[PDB]
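Structure, as C-alpha cells:
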Amino acid sequence: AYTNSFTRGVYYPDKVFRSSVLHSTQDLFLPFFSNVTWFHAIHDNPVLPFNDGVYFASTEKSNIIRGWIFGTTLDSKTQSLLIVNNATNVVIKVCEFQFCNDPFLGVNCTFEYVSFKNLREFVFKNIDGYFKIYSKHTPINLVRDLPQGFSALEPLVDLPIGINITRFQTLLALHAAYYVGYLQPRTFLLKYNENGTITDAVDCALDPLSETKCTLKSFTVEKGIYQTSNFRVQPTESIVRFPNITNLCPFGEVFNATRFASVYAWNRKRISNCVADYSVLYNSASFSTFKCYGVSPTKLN
Amino acid sequence: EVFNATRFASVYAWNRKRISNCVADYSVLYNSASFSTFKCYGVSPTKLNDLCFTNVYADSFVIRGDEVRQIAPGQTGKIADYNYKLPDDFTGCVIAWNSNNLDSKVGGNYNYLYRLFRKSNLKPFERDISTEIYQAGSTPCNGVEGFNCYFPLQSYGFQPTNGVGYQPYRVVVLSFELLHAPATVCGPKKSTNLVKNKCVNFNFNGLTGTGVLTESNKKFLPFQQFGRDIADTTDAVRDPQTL
Amino acid sequence: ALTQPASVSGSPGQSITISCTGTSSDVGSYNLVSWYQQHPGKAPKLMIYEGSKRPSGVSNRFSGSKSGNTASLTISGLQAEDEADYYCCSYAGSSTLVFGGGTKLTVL
Amino acid sequence: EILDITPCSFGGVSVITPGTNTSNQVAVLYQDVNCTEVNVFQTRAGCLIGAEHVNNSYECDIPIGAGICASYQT
Amino acid sequence: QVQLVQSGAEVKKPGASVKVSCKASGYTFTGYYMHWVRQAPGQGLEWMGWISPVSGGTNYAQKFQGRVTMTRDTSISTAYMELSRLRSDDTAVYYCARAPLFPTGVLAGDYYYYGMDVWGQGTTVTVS
Amino acid sequence: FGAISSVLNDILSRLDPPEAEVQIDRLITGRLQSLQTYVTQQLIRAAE
Amino acid sequence: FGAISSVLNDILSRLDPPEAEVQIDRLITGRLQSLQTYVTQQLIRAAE
Ligand SMILES: *[C@@H]1O[C@H](CO)[C@@H](O)[C@H](O)[C@H]1NC(C)=O
Ligand SMILES: *[C@@H]1O[C@H](CO)[C@@H](O)[C@H](O)[C@H]1NC(C)=O
Ligand SMILES: *[C@@H]1O[C@H](CO)[C@@H](O)[C@H](O)[C@H]1NC(C)=O
Ligand SMILES: *[C@@H]1O[C@H](CO)[C@@H](O)[C@H](O)[C@H]1NC(C)=O
C-alpha cells in the first residue's frame, strides 16, 4: 500500500531560538507529497532499509507498537539498537541481543539506559555516530488513513552510539496501521512565529512555485516574472580517446639496471612513446620516499 | 583511565572513549615532560580553561615512531589511509608519548596489529574491523590465503635494541565537537556571581562577549543553549547553573 | 611430481648440467624453479632460487636455465666438494615445496 | 578527423506567476533554448511551458520578451 | 645471526601422538611463515604444512589433512607441531624452516617462495 | 571566507596570534571587500 | 592569478583536495574580483 506524505515530517533542524523569521536550511527532510509505504497490523513486521534517515508515523489506540530494533544483521553478531517501552520504563540498549525468529513482545555489551485516537510521529537519523530521534504525540479522530495537516516535529533524544545502522524492524505488542517514509537532502524554508514555533515550511525543490518561494525567501510571491535557477543538460556517458599505444615503456629497467650513475653525472633519460601505469610504483614497498610535488600521485593513470 | 591506561589498543581496533560529565583541565598534560609530540592547529592549547566544548572523544592507539607524522590532516601514508584517517577540517589536539619501556619484550611484542592491504581509502573517523582476506591478484579469493591472497593485518617486532623509528608510541587524539547543544566538558575555571542591568564581559560555556544580561520571556525549549541573530551574533544564552 | 635423472657423473673442471622436466601448468607457466643441494646426513642448502637468483654466499659456479617445460642446473668448474644430492623445485598448484627423483652428483 | 566541440544547451530558468493571492498556476520559461531537450511554445525568448498561446493580442501584463507577454485569463 | 633450536629426539608407540617445538630468534618472528619438512631415514624430503605466526593462519598438505595440528606462541617466538595417529612410516627426521623474504612483497610471492634457514634436527621414531 | 569560524570571538579564543592573525586576515579581506561593494552600490543609488 | 593553470578541470585532475582547494581559492578570488569590476563598470554605463 502507498500513501501521499502531505506535510508531515518537518522538524527543528537545530536548537537556535528564532522568532518571526523565514529561515532557509538544507537538511535531510522527506519530500512533500511523496510516496510513503503503508503497513497494517491486522490478521506484518518486515525489515526496511535505513539508508539515510527514516520518518515513521503511527496511528494508535491501545499501545500496540512498543519498540524498535535497528542494525545490520540482527543475529547477535553485531551491536543493534533496541528501544522498548514497558508501560513504565523506556529501555534503550545496543547490546548483543539474542533476537527471536520473528521479534515480538507478548502480553560484548556496551550501553544500557532505563527510565484512531493518538498519532505518534518520529524521525530517526544518524549523523557522525549520533542517533537523533525526534517525536511528537497528537490527538486524532480518524480511522482510515493519516490525517491532512501541518505539525512541526520537536527533537527528543540524541544518543552517541557511533554504530553503522542500515536496516531496522519494529516491535509490536501481541496478545494499528503505520507509515514509513525516507528522508532526502532537501532545502526547506521554515517560518518562525512570534512564539518561536515553526508554523509552516516550504520544500522549495518541489515545484517552480516553491523554487521561486525560496529564492525570494517569502511565503507570498507577487505577480510578475522571477528567475529561479539555471538548467543544464547533464552528460549521459564518458568518451575516452587515447592513441593506440603499442609498446609498454621500459620503466622497470631504470630501476633494475646493473649499476646507476653517480650524482655528479646523473643520467637523464627521455621517456617518449610510452604507456605509464605507475601502479607497480605505488604498490611496491621497497621505496624509502615517494614525493610528488606537481601532480598528485593517484591521478596519473 | 585514558592517558595512564594499563594497555592500549592497536590501530586496527583503536579505542574511542567518549569523555563527558566532567571538568577537562589539560593542565597536567601541559606540564608533563614525558610526552614527545603535542601538535594542533585548529584550537590553541592555552585557551581551554575559559573555553568550553560540547563533547570530546579520545582516540587512543599504538603506532610506530616514524609513523607519528602520519596522524595529521593532509598527510598521506599507509596508516593514514588504512588504519586511522583524519579529516582535513579536524579540530582537536593530538598527544603522543614513547612506550619503549612498556610495550617491549625480549623476543618481541606481537600483540599490535595494523592494516596493510585495502582497496579503498578509509573515511574520517572510520573503524575498520574487516577481517576478510584482501584480493591482490585477478583470481577470486574464497577466503583461502596463499598466492595473491594476503591477510591485511601485520605485526611488528618490538625489541629494546630497535631504533627510535621502530619503537612503539602511544598516541591519543582528543577531538572536540562544538554543537549548539548544552556543553558538558568545560575548563577548570571557577564561576562568580552574576550582575544585571550593566554591561560586562561575559563568558558562558566558552562563548565570550560584552553586553548587558537582562531577563528574557522567550520560551527556550529543553536543549536550547545559544541564540543567534541575523548578524550571527549572540542574542540570548542559557545559564548552565540556573535554567 | 617432477622428473630428474637419478645420478650423473662428471669430471673436474667440467661444466655439468642437470635436467628437471615438468608440465606447462607448473614449470611452463611460472618462472619459479629452483635447485637445492644436500650432502649425506646433512641439512639441505638452497643454492639456486627464483630461476637463477642466488642467496648471498653461494658460489657463482652454480647457475640456472629454463626452457619450455625444463629446468636446468649448470655447474662450471666441477670440484670434489660438489659431490651431493641435488633436487629441483617448482610450484605445482597446491601445497607445496616439491622435488624430483634426486640427482646424486659424483666426480671421477 | 576533426570534431567540433560545443557545450550542449544550457540557460536560466524563470517562472511566470501571478500573485499567490490569485492562483498557484505557474509557467516556466527556459531562456535561449529550443523546445526539444526539455502546452509548449517556442519563442525567440526561449521555451515556455504551461502558458497557452493565444493569437489575439492584448495589453502586456507580465512581460516575457521579444513582444511576448503573459497573463492569467479564461 | 638468525638462530634456530628444536626439541630433542622422541620415541612413540603406534597410534599415539608426538609434539615438537621450534624456537627461533634473531629476526621478526611473525614476519615469516614457518614451513615444515620431514624426511625418512635414507629417503627424500616431504613437506607437511605451514603456519602463519600472525593471526594464526595455517594450512597443511592434503597428504596429512586431519592428522597434523599446529599452534604457535608469539610471546616466546615458538612454533609447535603435533602428529596424531602415528604409524610405522612416520619414523623420520623433521625440521621447520624459515621462508626467504618479508610479507611486504606486493609481488613477493610470499609465503610460497622457499626456505633459506633450515633447522637442526628433530627425530621421531615410532616402533612397537 | 575560508576561516574556521565566522564569529571573531571564537577565533581569538581558539588560535595563537601567529595563526589567529591569518584567520583574521581572511575575515577582514572578505568583510572589507563586502563593505566596499556595499558603499559603491550606495554611492550609485545616491547619485540616482 | 598565481595559480598553476587557468583550467579548473586541470586543477581538479592534477592536485589533491588539500592543495586544489588553495588553487581554487586563488582562482575564485581573482575571477570574482574581475566580475565585480565588470558589474560596476556595467552599472556605471547603465546609469549613463
Ligand atoms: C554499514 O553496514 C552495511 C551492512 O553491512 C554496509 O552495507 C554499509 O556499507 C556499512 N556502512 C559503512 C559506512 O560502513
Ligand atoms: C502563539 O502564542 C499565542 C499566545 O498564547 C497563541 O494565542 C497562539 O496560538 C500561538 N501560536 C501562533 C500565533 O502561531
Ligand atoms: C547547581 O546550581 C543549581 C542552581 O544554581 C542547583 O539547582 C544545583 O543543585 C546545583 N548543583 C550542585 C551539584 O550543587
Ligand atoms: C527547434 O527544434 C525544432 C524541431 O527540430 C525545429 O523545427 C525548430 O526549427 C528549432 N528551432 C530553433 C530556433 O532551433
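Per Swiss-Prot, chain B residues shown: 340-582, in order.
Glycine is no exception: its Cβ is also placed from the backbone N, Cα and C atoms.
Here's what Swiss-Prot has on this protein:
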DISULFID  B:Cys379-B:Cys432  disulfide bond
DISULFID  B:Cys391-B:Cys525  disulfide bond
DISULFID  B:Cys480-B:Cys488  disulfide bond
CARBOHYD  B:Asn343  N-linked glycosylation site
REGION    B:437-508  region 'Receptor-binding motif'
REGION    B:448-456  region 'Immunodominant HLA epitope recognized by the CD8+'
REGION    B:455-490  region 'Disordered'
REGION    B:519-541  region 'Disordered'
Task: Helix-strand-coil residue split for the region 'Disordered' (B:455-490), DSSP-based - done: 0 helix, 5 strand, 31 coil
TODO: May I ask for the distance between B:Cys379 (disulfide bond) and B:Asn343 (N-linked glycosylation site), taken between their Cα atoms and rounded to an integer number of Å?
DONE: 21
Task: Distance [Cα-Cα, Å, rounded] between B:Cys525 (disulfide bond) and B:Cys480 (disulfide bond) - done: 51
Task: Cβ under 6 Å from ligand 4: qualifying recorded positions of B:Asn343, B:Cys379, B:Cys391, B:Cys432, B:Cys480, B:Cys525 - done: none
Task: Residue pair B:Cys391 (disulfide bond), B:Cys432 (disulfide bond) - Cα distance, angstrom, rounded - done: 14
Task: Position of peak Cβ density within 10 Å, selected from the disulfide-bonded residues B:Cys379, B:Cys391, B:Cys480, B:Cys488, B:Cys525 - done: B:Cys391
Open item on the list: Treating G and I as helix alongside H, and B as strand alongside E, what does DSSP give for the region 'Disordered' (B:519-541) in helix, strand and coil?
Closed with: 0 helix, 6 strand, 17 coil
Open item on the list: Using DSSP and collapsing to three states, where does B:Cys432 (disulfide bond) fall: helix, strand or coil?
Closed with: strand
Open item on the list: Can you tell me which of the recorded positions B:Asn343, B:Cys480, B:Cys488 is spatially closest to B:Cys432 (disulfide bond)? Compare CA atoms only.
Closed with: B:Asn343
- [ ] To the nearest whole angstrom, state the Cα distance for the pair B:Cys480 (disulfide bond) and the residue listed as 'N-linked glycosylation site'.
- [x] 42
TODO: Calculate the distance in Å between the alpha carbons (Cα) of B:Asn343 (N-linked glycosylation site) and B:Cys488 (disulfide bond), and round it to a whole number.
DONE: 39
Task: Three-class DSSP secondary structure - B:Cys391 (disulfide bond) - done: coil
Task: Neighbour count (Cβ, 10 Å) for B:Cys432 (disulfide bond) - done: 20
